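Just one chain follows, in the form solved without adenine, and it is written as structure tokens.
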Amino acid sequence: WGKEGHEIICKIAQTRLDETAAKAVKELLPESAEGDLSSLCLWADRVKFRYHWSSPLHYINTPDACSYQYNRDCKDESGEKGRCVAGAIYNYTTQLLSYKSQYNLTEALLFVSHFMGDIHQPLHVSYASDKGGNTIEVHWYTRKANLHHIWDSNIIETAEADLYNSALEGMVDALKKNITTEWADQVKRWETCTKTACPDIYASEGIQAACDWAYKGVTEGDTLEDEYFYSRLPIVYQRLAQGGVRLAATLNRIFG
């Protein structure tokens, strides 16, 4: 996701942390953050070339099909296994199990926070043939955009201005509201994991949603407007709340 999506995810996550996780996160966050996880949840997007080895870790590429398998899909352009957003979540959550060696646990926190968000972007788990939709040029109303960008940013941004009078906390408060009184049963399931993180579950969901909702109906050159916006906004919200809930659930498990 772009900036809004990651904020929303990390804000939600942070208000769902139990006391020990809440403590850990403050201790790992720099003073410049001022205790706010969401201030640094885009940090990973700023180090793709600083740490060139990190850039495959933001997504998963699948063949032209609506499935994800770890052993098949989790790998970078060198074919190196586990070099994908799923493998990264396993790596960085494992490191945070060490919190009380070789690893910067402030980075692991910032990577895990970001990647938990990214694994929930449907187009961060989608076709390598169109690079997760980046090569599908459409218009977002009057502006040229690619399909990937529409899911990273445009949909959230449009809802932000059109249904929440330019206040993001408007939308955060509404996702939070639906977490406790519409989605309560779903949320319990979203939080369940029998490992420390359950990334392949989230990836499988994402590829399903890329196909059912993101790619669906869309042809190169289309103008996506109200109809697409309104029918796809519910899955965007779904995926933000899920990221939010699973990020918190994961840090609670790790630090507990």
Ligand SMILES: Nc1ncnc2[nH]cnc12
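The first residue of the sequence shown is number 1, and the count goes up from there.
The following text describes the form deposited with adenine bound, which does not appear among the structures shown.
- Heavy atoms within 4.5 Å of adenine in the deposited bound form map, among the stretches 203-211, 216-224, 184-192, 57-65, onto 57-65 alone.
- Contact check for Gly117: no non-hydrogen atom falls within 4.5 Å of adenine in the deposited bound form.
- Using a 4.5 angstroms limit between non-hydrogen atoms, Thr180 is distant from adenine in the deposited bound form.
- Taking a 4.5 Å heavy atom cutoff to adenine in the deposited bound form, the contacting residues in 127-149 are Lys131, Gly132, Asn134, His148.
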